[PDB]
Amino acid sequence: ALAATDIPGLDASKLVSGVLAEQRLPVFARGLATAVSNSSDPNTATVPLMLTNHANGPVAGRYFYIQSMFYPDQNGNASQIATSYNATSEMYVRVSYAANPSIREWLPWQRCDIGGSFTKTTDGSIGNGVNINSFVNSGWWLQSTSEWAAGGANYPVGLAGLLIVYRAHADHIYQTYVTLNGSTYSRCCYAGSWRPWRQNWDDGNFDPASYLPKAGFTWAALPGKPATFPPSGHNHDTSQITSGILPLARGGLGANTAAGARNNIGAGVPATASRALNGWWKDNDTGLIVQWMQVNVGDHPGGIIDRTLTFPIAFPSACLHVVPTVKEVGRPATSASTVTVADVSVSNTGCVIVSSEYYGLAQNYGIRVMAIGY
């Protein structure tokens, strides 16, 4: 009856068949994270699986399962995958590579689950009465209900929309909001203070067709211009006065005729005359005519003498008066004053003068006559 102590040391090639009970394997080959203490330094890992909250892990204060893959030996270069132990589902990866693989140089852990990314699924649907100032973390959310935007706080407008947040830094937080009608608003939380929502102009809130182009600002295009304009002070030439008759109040004649002009200023026409020895003078205002004339007779023989004298011109209507006097042509014997005259008759053409003497001597007398008529 052979005992184990009777069996010599064997090479692994002696197991020619069968499958080992998994209890014969080191724990790390069974998926058990129990090979090393649960605070082991993953930087100095030599086992392919551990569970540790060591600070060289990816998240301070948290446990992670850490798988390790090694080359050229378990002290050399390595790749590590860390997966969370509790609280959340997270994965990270890192690597150590060095020319001397034992002098490990670990790169930073890199996140391997989309929990650190902008995801194709939305981060959430926002309810009513929410203050958008609290959305200080990167992501994108839906506001499905305009009333819920209106019922909230710090929405740019009371409309359903899409909120996108970029948290670049605690002091630089950018938010964008796009309404269900396509309008964009943007604001930033700069150094802890939210700046005003900036509103883009779009074809839903501005129409330049309602506003006047500079090219349309012209006199020709101005509507409502009156036909005539109050004139400022200006002068004129008489040639520009084209109708009417200027009255006496304005220094005018009050009429457009010579006779009417004289009548309105009380002026009279000039006189006409023939300045001859047998001449005349006419006042055309009244039509009165005054003529004078003289005739040479000679001696008065005695008794009574009648003579007809013809006026320089005929009186149009009548002779009103005659004034006969005696002229001395010569003084042969006595003066012509010894002859006296008187008018016998008058007509429009002339008169008849009678003469007589009171000395029976010779004379050379003439008859002067002045007449008045119209």
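One rule holds for the numbers: they count along the sequence shown, beginning at 1.
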When the C-alpha temperature factors are averaged for each of 236 to 244 and 199 to 207, which stretch ends up with the higher value in the entry? 236 to 244
Which of 263 to 271 and 145 to 153 has higher mean CA B factor, as the PDB entry lists it: 263 to 271
Residue, from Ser89, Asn100, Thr119, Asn296, that the PDB entry assigns the highest Cα B-factor: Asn296
For the C-alpha B-factor as written in the entry, point me to the maximum among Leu277, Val130, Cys188, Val95. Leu277
How does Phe217 rank on Cα B-factor within its chain, lowest, middle or highest third? middle
Third assignment of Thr310 from its chain's C-alpha B-factors: highest
Third of the chain's Cα B-factor distribution that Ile304 belongs to, per the entry: highest
Sorting the chain's modelled residues by C-alpha B-factor and splitting them into thirds places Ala168 in the middle
Among the modelled residues of its chain, does the C-alpha B-factor of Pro316 lie in the lowest, middle or highest third? highest
